[PDB]
Amino acid sequence: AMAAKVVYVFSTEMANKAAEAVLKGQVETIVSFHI
Amino acid sequence: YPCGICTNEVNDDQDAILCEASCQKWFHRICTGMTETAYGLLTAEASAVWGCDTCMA
Ligand code: NA
Ligand code: NA
Ligand SMILES: [Zn+2]
Ligand SMILES: [Zn+2]
């Protein structure tokens, strides 16, 4: 078997921003990307 | 492992973060400027890793 995975690489800025989005109730998780 | 920012040892009882963009250096969370909450969320999410300012720039 063989698979591939996408892994998201966050800078400190984008980790902090994604946490803020979660805290503000805007997204469920830090990888809940959307339009 | 010396912290990629402060050069001091990254110990077991400190929040440690590994650059997984390229350089594979360890850093103290506090040196990076990442909040404790952001660190908790990132380290819990399997599909998310951190990259240092140098590797990301
Ligand atoms: Na993670
Ligand atoms: Na990481
Ligand atoms: Zn440090
Ligand atoms: Zn790096």
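Don't worry about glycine lacking a Cβ; one is built from the backbone with ideal geometry, like all the others, and counts go over all protein chains shown. None of the figures in this text is laboratory data; all of them are computed from the coordinates on show.
Is it the case that segment B:17-31 has a residue that's of a type outside the set (D, E), within 11 Å of another protein chain (Cβ to nearest Cβ), within 15 Å of ligand 3 (Cβ to nearest atom) and under 15 Å from A:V9 (Cα atoms)? Checked against the condition, which is being of a type outside the set (D, E), within 11 Å of another protein chain (Cβ to nearest Cβ), within 15 Å of ligand 3 (Cβ to nearest atom) and under 15 Å from A:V9 (Cα atoms), segment B:17-31 yields at least one hit.
In the set (1) part of a loop (DSSP other than H, G, I, E, B); (2) without any contact (Cβ under 8 Å) to a residue 12 or more places away in the chain, B:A21 fails one condition alone, (2).
Would it be correct to say that B:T37 is at the interface with chain A (Cβ under 9 Å from one of its Cβ atoms), under 25 Å from A:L23 (Cβ atoms) and within 13 Å of ligand 3 (Cβ to nearest atom)? Criteria not met by B:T37. Of the residues making up segment B:14-54, those that are of a type in the set (S, T, N, Q), surrounded by fewer than 19 Cβ atoms within 10 Å (Cβ to Cβ) and away from ligand 1 (no atom under 13 Å from the Cβ) number 6.
Figure legend. Inter-residue proximity from segment B:24-44: first residues in contact (Cβ under 8 Å) with a residue 24 or more places away in the chain and among the polar types (S, T, N, Q), second residues surrounded by 22 or more Cβ atoms within 10 Å (Cβ to Cβ) and assigned to a helix (DSSP H, G or I), beta-carbon distance below 8 Å, spacing 6+ or different chains. Indicated pairs: B:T32/A:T12.
Which residues, counting only those in segment B:40-51, are more than 10 Å from A:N16 (Cα to Cα) and within 8 Å of chain A (Cβ to nearest Cβ)? Lay out the reasoning, then the answer.
In the first step, residues of segment B:40-51 are kept if they are more than 10 Å from A:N16 (Cα to Cα); the result is B:40, B:43-51.
Passing the criteria: B:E45, B:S47, B:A48, B:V49, B:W50, B:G51.
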